[PDB]
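**Student:** Take a look at the following structure, please.
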Protein chains: 2
Amino acid sequence: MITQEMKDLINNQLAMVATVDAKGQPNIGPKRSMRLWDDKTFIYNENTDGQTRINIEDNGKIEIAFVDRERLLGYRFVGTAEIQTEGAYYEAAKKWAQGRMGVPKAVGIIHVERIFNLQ
Amino acid sequence: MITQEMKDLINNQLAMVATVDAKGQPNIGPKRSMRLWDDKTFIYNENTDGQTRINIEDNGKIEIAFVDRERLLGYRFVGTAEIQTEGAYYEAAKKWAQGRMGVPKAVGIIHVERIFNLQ
C-alpha cells in the first residue's frame, strides 16, 4: 500500500493524529515519533497518559496526516490502533527512544486500512 | 483569550483540522486559509464538499491544531463550527480569496471554546 512518495513525506513531516473519545469528541495532536514499522503498520512512542492514548484504548479509531506545506503534498492514513506495554513492539520502542527521549510508557501500533491523497 | 505567540503560530503554521462524522469516525485534514476573525473566532474558505464540511454541518465538533515543529511550540483550539454561504463572513471570505484561490463555495466559522498548549 505505502509507496516511496509516501515514505518520503512520512520521514520529513510531522504526523498529526486524529482520534475520538467515547462521547464522540474528536482530538488532535502531533506525534513526533510516528514511523513506519512495515508497509501496512506505523508505531509511535507513547510517553503520556494523554487523550490520544485513552481514545485508542477506548475504540481504536485513528487517522494520521502528513502534509508538506511548501511542496503542497500530503497523505491521510486511516486505520485501527492499539496500545501495548510489553512485547516485541514495546521493546523496539524502548530501543528507538535511546539517546532521543525518555523510556516510553507504551507503544502505539496503527494498522493502516486506507490511504488518501491530501493535495 | 489569544496571545501574540498564539498569533505567530496561527500566522506561520498550517491549521490541521479534526472533525467527526455521524458514525463516530475521526477525520483530519489541512486548511491553509484558516485565520482569525476575532479573539474567539476563526474563519476558513471552504472550496469543497469534503468530509470536514460534511462533519461540521452534521454536528459542529471541531479541533484545530497549529504546531511549530522547530521551536517545539503549539496550540489546540477546541470549539463548535458552522458553514455559511451568504452574509458578512462569506463576503469577507470571497474577497480574501481574490489573488489567492478560487471563489469559495462557503465559509467555515469556528467558535473557539477552549485552548490547550501543546508545549
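Just so we're on the same page: first chain in the C-alpha cells is A, next is B, and so on; residues restart at 1 for each chain, and ligands are numbered from 1 in the order they show up.
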Following superposition of chain A onto chain B on all C-alpha atoms, paired in order, what is the C-alpha RMSD to one decimal in Å?

**Tutor:**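 Across all paired C-alpha atoms, the RMSD is 0.3 Å.
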
**Student:** Pull the closest atom pair for each residue of segment 29-115 of chain B that gets at most 10 Å from segment 23-28 of chain A, along with the distance in Å to one decimal, counting only C-alpha atoms, ordering rows by chain and then ascending residue number, as JSON lines.

**Tutor:**
```
{"residue": "B:61", "atom": "CA", "partner": "A:25", "partner_atom": "CA", "distance": 7.0}
{"residue": "B:62", "atom": "CA", "partner": "A:26", "partner_atom": "CA", "distance": 6.9}
{"residue": "B:63", "atom": "CA", "partner": "A:27", "partner_atom": "CA", "distance": 6.5}
{"residue": "B:64", "atom": "CA", "partner": "A:28", "partner_atom": "CA", "distance": 7.3}
{"residue": "B:65", "atom": "CA", "partner": "A:28", "partner_atom": "CA", "distance": 6.8}
{"residue": "B:76", "atom": "CA", "partner": "A:28", "partner_atom": "CA", "distance": 7.5}
{"residue": "B:77", "atom": "CA", "partner": "A:28", "partner_atom": "CA", "distance": 9.7}
{"residue": "B:78", "atom": "CA", "partner": "A:27", "partner_atom": "CA", "distance": 8.8}
```

**Student:** Taking only residues of chain B that have an atom at most 12 Å from an atom of chain A, what is each one's shortest atom pair and its distance in Å to one decimal, using only C-alpha atoms, in chain and number order, as JSON lines?

**Tutor:**
```
{"residue": "B:12", "atom": "CA", "partner": "A:69", "partner_atom": "CA", "distance": 10.8}
{"residue": "B:13", "atom": "CA", "partner": "A:69", "partner_atom": "CA", "distance": 8.6}
{"residue": "B:14", "atom": "CA", "partner": "A:69", "partner_atom": "CA", "distance": 7.0}
{"residue": "B:15", "atom": "CA", "partner": "A:69", "partner_atom": "CA", "distance": 10.3}
{"residue": "B:16", "atom": "CA", "partner": "A:16", "partner_atom": "CA", "distance": 7.6}
{"residue": "B:17", "atom": "CA", "partner": "A:28", "partner_atom": "CA", "distance": 7.8}
{"residue": "B:18", "atom": "CA", "partner": "A:28", "partner_atom": "CA", "distance": 6.2}
{"residue": "B:19", "atom": "CA", "partner": "A:26", "partner_atom": "CA", "distance": 5.7}
{"residue": "B:20", "atom": "CA", "partner": "A:26", "partner_atom": "CA", "distance": 6.0}
{"residue": "B:21", "atom": "CA", "partner": "A:24", "partner_atom": "CA", "distance": 9.1}
{"residue": "B:22", "atom": "CA", "partner": "A:24", "partner_atom": "CA", "distance": 9.0}
{"residue": "B:23", "atom": "CA", "partner": "A:24", "partner_atom": "CA", "distance": 9.0}
{"residue": "B:24", "atom": "CA", "partner": "A:24", "partner_atom": "CA", "distance": 5.8}
{"residue": "B:25", "atom": "CA", "partner": "A:61", "partner_atom": "CA", "distance": 6.9}
{"residue": "B:26", "atom": "CA", "partner": "A:19", "partner_atom": "CA", "distance": 5.7}
{"residue": "B:27", "atom": "CA", "partner": "A:63", "partner_atom": "CA", "distance": 6.5}
{"residue": "B:28", "atom": "CA", "partner": "A:18", "partner_atom": "CA", "distance": 6.1}
{"residue": "B:29", "atom": "CA", "partner": "A:65", "partner_atom": "CA", "distance": 6.9}
{"residue": "B:30", "atom": "CA", "partner": "A:67", "partner_atom": "CA", "distance": 7.6}
{"residue": "B:31", "atom": "CA", "partner": "A:69", "partner_atom": "CA", "distance": 10.6}
{"residue": "B:32", "atom": "CA", "partner": "A:69", "partner_atom": "CA", "distance": 8.6}
{"residue": "B:50", "atom": "CA", "partner": "A:118", "partner_atom": "CA", "distance": 11.2}
{"residue": "B:51", "atom": "CA", "partner": "A:118", "partner_atom": "CA", "distance": 11.9}
{"residue": "B:52", "atom": "CA", "partner": "A:26", "partner_atom": "CA", "distance": 11.9}
{"residue": "B:55", "atom": "CA", "partner": "A:26", "partner_atom": "CA", "distance": 11.0}
{"residue": "B:56", "atom": "CA", "partner": "A:26", "partner_atom": "CA", "distance": 11.8}
{"residue": "B:59", "atom": "CA", "partner": "A:24", "partner_atom": "CA", "distance": 10.1}
{"residue": "B:60", "atom": "CA", "partner": "A:25", "partner_atom": "CA", "distance": 10.5}
{"residue": "B:61", "atom": "CA", "partner": "A:25", "partner_atom": "CA", "distance": 7.0}
{"residue": "B:62", "atom": "CA", "partner": "A:26", "partner_atom": "CA", "distance": 6.9}
{"residue": "B:63", "atom": "CA", "partner": "A:27", "partner_atom": "CA", "distance": 6.5}
{"residue": "B:64", "atom": "CA", "partner": "A:28", "partner_atom": "CA", "distance": 7.3}
{"residue": "B:65", "atom": "CA", "partner": "A:28", "partner_atom": "CA", "distance": 6.8}
{"residue": "B:66", "atom": "CA", "partner": "A:29", "partner_atom": "CA", "distance": 9.3}
{"residue": "B:67", "atom": "CA", "partner": "A:30", "partner_atom": "CA", "distance": 7.7}
{"residue": "B:68", "atom": "CA", "partner": "A:14", "partner_atom": "CA", "distance": 10.0}
{"residue": "B:69", "atom": "CA", "partner": "A:14", "partner_atom": "CA", "distance": 7.3}
{"residue": "B:70", "atom": "CA", "partner": "A:14", "partner_atom": "CA", "distance": 10.6}
{"residue": "B:72", "atom": "CA", "partner": "A:32", "partner_atom": "CA", "distance": 10.2}
{"residue": "B:73", "atom": "CA", "partner": "A:30", "partner_atom": "CA", "distance": 10.9}
{"residue": "B:74", "atom": "CA", "partner": "A:30", "partner_atom": "CA", "distance": 9.2}
{"residue": "B:75", "atom": "CA", "partner": "A:29", "partner_atom": "CA", "distance": 9.2}
{"residue": "B:76", "atom": "CA", "partner": "A:28", "partner_atom": "CA", "distance": 7.5}
{"residue": "B:77", "atom": "CA", "partner": "A:28", "partner_atom": "CA", "distance": 9.7}
{"residue": "B:78", "atom": "CA", "partner": "A:27", "partner_atom": "CA", "distance": 8.8}
{"residue": "B:79", "atom": "CA", "partner": "A:25", "partner_atom": "CA", "distance": 10.4}
{"residue": "B:80", "atom": "CA", "partner": "A:25", "partner_atom": "CA", "distance": 11.0}
{"residue": "B:116", "atom": "CA", "partner": "A:29", "partner_atom": "CA", "distance": 10.6}
{"residue": "B:117", "atom": "CA", "partner": "A:29", "partner_atom": "CA", "distance": 10.7}
{"residue": "B:118", "atom": "CA", "partner": "A:29", "partner_atom": "CA", "distance": 7.9}
{"residue": "B:119", "atom": "CA", "partner": "A:30", "partner_atom": "CA", "distance": 11.0}
```

**Student:** Considering only C-alpha atoms, return as a ChimeraX atom specification whatever protein or nucleic-acid residues lie within 12 Å of segment 33-38 of chain A, sequence-local ones (same chain, fewer than 4 positions apart) excluded.

**Tutor:** /A:1-4,6-17,29,42-47,64-66,77,88-89,92-94,96-97,100-102,104,107-112

**Student:** Got a sec to tell me which of segment 46-96 of chain A DSSP assigns to helix (DSSP H, G or I), as a list in words?

**Tutor:**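 Restricting segment 46-96 of chain A to helix (DSSP H, G or I) produces residues 51, 52, 53, 54, 55, 56, 57, 58, 59, 88, 89, 90, 91, 92, 93, 94, 95 and 96 of chain A.
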
**Student:** Those same residues - C-alpha atoms - I'd like them written as a PDB file, in the first residue's frame.

**Tutor:**
```
ATOM      1  CA  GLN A  51      -6.053  11.907  25.258  1.00  0.00           C
ATOM      2  CA  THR A  52      -4.673  10.143  22.165  1.00  0.00           C
ATOM      3  CA  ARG A  53      -3.846   7.020  24.204  1.00  0.00           C
ATOM      4  CA  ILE A  54      -7.170   6.939  26.080  1.00  0.00           C
ATOM      5  CA  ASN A  55      -9.090   7.247  22.847  1.00  0.00           C
ATOM      6  CA  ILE A  56      -7.139   4.482  21.190  1.00  0.00           C
ATOM      7  CA  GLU A  57      -7.634   2.227  24.194  1.00  0.00           C
ATOM      8  CA  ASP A  58     -11.421   3.068  24.047  1.00  0.00           C
ATOM      9  CA  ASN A  59     -12.255   2.347  20.453  1.00  0.00           C
ATOM     10  CA  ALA A  88       8.386  -7.004  20.624  1.00  0.00           C
ATOM     11  CA  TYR A  89       6.858  -3.654  19.511  1.00  0.00           C
ATOM     12  CA  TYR A  90       7.322  -2.278  23.008  1.00  0.00           C
ATOM     13  CA  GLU A  91      10.952  -3.444  23.200  1.00  0.00           C
ATOM     14  CA  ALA A  92      11.705  -1.807  19.762  1.00  0.00           C
ATOM     15  CA  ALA A  93      10.087   1.437  21.092  1.00  0.00           C
ATOM     16  CA  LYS A  94      12.398   1.444  24.064  1.00  0.00           C
ATOM     17  CA  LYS A  95      15.458   0.877  21.850  1.00  0.00           C
ATOM     18  CA  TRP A  96      14.188   3.696  19.495  1.00  0.00           C
TER      19      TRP A  96
END
```

**Student:** Name the closest residue to residue 86 of chain B among the candidates B:5, B:49, B:106, B:41; distances are taken between atoms, counting only C-alpha atoms.

**Tutor:**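 Distance minimum relative to residue 86 of chain B lands on B:106.
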
**Student:** Please, what distance in Å, to one decimal, runs between atom CA of residue 39 of chain B and atom CA of residue 105 of chain B?

**Tutor:**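 That distance, rounded to one decimal, is 25.0 Å.
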
**Student:** Figure out the distance between atom CA of residue 48 of chain B and atom CA of residue 113 of chain A, please, to one decimal in Å.

**Tutor:**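 Separation of atom CA of residue 113 of chain A and atom CA of residue 48 of chain B: 24.4 Å.
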
**Student:** Please return, as a list in words, all residues of segment 55-94 of chain B that DSSP assigns to strand (DSSP E or B) on the basis of the backbone.

**Tutor:**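 Written out, the strand (DSSP E or B) residues of segment 55-94 of chain B are residues 61, 62, 63, 64, 65, 66, 67, 68, 73, 74, 75, 76, 77, 78, 79, 80, 81, 82, 83 and 84 of chain B.
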
**Student:** Next, write the just-selected residues to a file, as a PDB file, in the first residue's frame, keeping N, CA, C and O atoms as the atom set.

**Tutor:**
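Result file again_14.pdb:
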```pdb
ATOM      1  N   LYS B  61     -18.626  19.676  15.604  1.00  0.00           N
ATOM      2  CA  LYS B  61     -17.473  19.493  16.515  1.00  0.00           C
ATOM      3  C   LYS B  61     -16.174  19.679  15.806  1.00  0.00           C
ATOM      4  O   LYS B  61     -16.002  19.196  14.667  1.00  0.00           O
ATOM      5  N   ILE B  62     -15.290  20.459  16.419  1.00  0.00           N
ATOM      6  CA  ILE B  62     -14.034  20.739  15.749  1.00  0.00           C
ATOM      7  C   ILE B  62     -12.892  20.980  16.663  1.00  0.00           C
ATOM      8  O   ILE B  62     -13.090  21.531  17.755  1.00  0.00           O
ATOM      9  N   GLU B  63     -11.692  20.567  16.264  1.00  0.00           N
ATOM     10  CA  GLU B  63     -10.462  20.920  16.946  1.00  0.00           C
ATOM     11  C   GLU B  63      -9.458  21.264  15.928  1.00  0.00           C
ATOM     12  O   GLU B  63      -9.403  20.630  14.866  1.00  0.00           O
ATOM     13  N   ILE B  64      -8.694  22.327  16.187  1.00  0.00           N
ATOM     14  CA  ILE B  64      -7.744  22.769  15.233  1.00  0.00           C
ATOM     15  C   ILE B  64      -6.421  22.818  15.932  1.00  0.00           C
ATOM     16  O   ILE B  64      -6.329  23.372  17.072  1.00  0.00           O
ATOM     17  N   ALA B  65      -5.387  22.297  15.280  1.00  0.00           N
ATOM     18  CA  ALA B  65      -4.037  22.340  15.817  1.00  0.00           C
ATOM     19  C   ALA B  65      -3.034  23.128  14.964  1.00  0.00           C
ATOM     20  O   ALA B  65      -3.061  23.055  13.726  1.00  0.00           O
ATOM     21  N   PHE B  66      -2.183  23.917  15.622  1.00  0.00           N
ATOM     22  CA  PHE B  66      -1.109  24.632  14.993  1.00  0.00           C
ATOM     23  C   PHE B  66       0.162  24.247  15.744  1.00  0.00           C
ATOM     24  O   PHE B  66       0.199  24.397  16.981  1.00  0.00           O
ATOM     25  N   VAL B  67       1.148  23.736  15.008  1.00  0.00           N
ATOM     26  CA  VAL B  67       2.384  23.209  15.595  1.00  0.00           C
ATOM     27  C   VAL B  67       3.604  23.881  14.915  1.00  0.00           C
ATOM     28  O   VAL B  67       3.728  23.882  13.697  1.00  0.00           O
ATOM     29  N   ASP B  68       4.447  24.534  15.704  1.00  0.00           N
ATOM     30  CA  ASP B  68       5.746  24.965  15.193  1.00  0.00           C
ATOM     31  C   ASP B  68       6.747  23.830  15.487  1.00  0.00           C
ATOM     32  O   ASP B  68       7.172  23.645  16.657  1.00  0.00           O
ATOM     33  N   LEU B  73       6.631  24.403  19.718  1.00  0.00           N
ATOM     34  CA  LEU B  73       5.513  25.163  20.270  1.00  0.00           C
ATOM     35  C   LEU B  73       4.233  24.688  19.534  1.00  0.00           C
ATOM     36  O   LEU B  73       4.315  24.196  18.410  1.00  0.00           O
ATOM     37  N   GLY B  74       3.076  24.841  20.179  1.00  0.00           N
ATOM     38  CA  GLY B  74       1.821  24.568  19.524  1.00  0.00           C
ATOM     39  C   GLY B  74       0.611  24.741  20.380  1.00  0.00           C
ATOM     40  O   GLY B  74       0.705  24.803  21.646  1.00  0.00           O
ATOM     41  N   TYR B  75      -0.529  24.859  19.712  1.00  0.00           N
ATOM     42  CA  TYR B  75      -1.804  25.045  20.412  1.00  0.00           C
ATOM     43  C   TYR B  75      -2.879  24.281  19.714  1.00  0.00           C
ATOM     44  O   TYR B  75      -2.847  24.116  18.469  1.00  0.00           O
ATOM     45  N   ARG B  76      -3.836  23.861  20.497  1.00  0.00           N
ATOM     46  CA  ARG B  76      -5.027  23.159  20.020  1.00  0.00           C
ATOM     47  C   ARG B  76      -6.248  24.041  20.415  1.00  0.00           C
ATOM     48  O   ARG B  76      -6.397  24.389  21.612  1.00  0.00           O
ATOM     49  N   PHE B  77      -7.048  24.447  19.428  1.00  0.00           N
ATOM     50  CA  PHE B  77      -8.256  25.252  19.630  1.00  0.00           C
ATOM     51  C   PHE B  77      -9.477  24.310  19.493  1.00  0.00           C
ATOM     52  O   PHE B  77      -9.710  23.605  18.439  1.00  0.00           O
ATOM     53  N   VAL B  78     -10.291  24.266  20.514  1.00  0.00           N
ATOM     54  CA  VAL B  78     -11.452  23.427  20.504  1.00  0.00           C
ATOM     55  C   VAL B  78     -12.705  24.244  20.457  1.00  0.00           C
ATOM     56  O   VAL B  78     -12.810  25.224  21.231  1.00  0.00           O
ATOM     57  N   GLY B  79     -13.699  23.828  19.659  1.00  0.00           N
ATOM     58  CA  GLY B  79     -14.985  24.563  19.687  1.00  0.00           C
ATOM     59  C   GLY B  79     -16.042  23.971  18.814  1.00  0.00           C
ATOM     60  O   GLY B  79     -16.007  22.729  18.549  1.00  0.00           O
ATOM     61  N   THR B  80     -16.992  24.809  18.393  1.00  0.00           N
ATOM     62  CA  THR B  80     -18.075  24.402  17.557  1.00  0.00           C
ATOM     63  C   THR B  80     -18.050  25.274  16.288  1.00  0.00           C
ATOM     64  O   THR B  80     -17.716  26.442  16.381  1.00  0.00           O
ATOM     65  N   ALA B  81     -18.359  24.669  15.154  1.00  0.00           N
ATOM     66  CA  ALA B  81     -18.270  25.289  13.849  1.00  0.00           C
ATOM     67  C   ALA B  81     -19.550  25.281  13.067  1.00  0.00           C
ATOM     68  O   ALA B  81     -20.459  24.450  13.346  1.00  0.00           O
ATOM     69  N   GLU B  82     -19.662  26.186  12.091  1.00  0.00           N
ATOM     70  CA  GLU B  82     -20.820  26.251  11.228  1.00  0.00           C
ATOM     71  C   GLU B  82     -20.311  26.633   9.874  1.00  0.00           C
ATOM     72  O   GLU B  82     -19.223  27.193   9.754  1.00  0.00           O
ATOM     73  N   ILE B  83     -21.126  26.382   8.874  1.00  0.00           N
ATOM     74  CA  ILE B  83     -20.805  26.705   7.497  1.00  0.00           C
ATOM     75  C   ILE B  83     -21.862  27.740   7.060  1.00  0.00           C
ATOM     76  O   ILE B  83     -23.038  27.551   7.365  1.00  0.00           O
ATOM     77  N   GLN B  84     -21.455  28.844   6.410  1.00  0.00           N
ATOM     78  CA  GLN B  84     -22.345  29.836   5.914  1.00  0.00           C
ATOM     79  C   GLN B  84     -22.043  30.052   4.408  1.00  0.00           C
ATOM     80  O   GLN B  84     -20.883  29.961   3.955  1.00  0.00           O
TER      81      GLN B  84
END
```
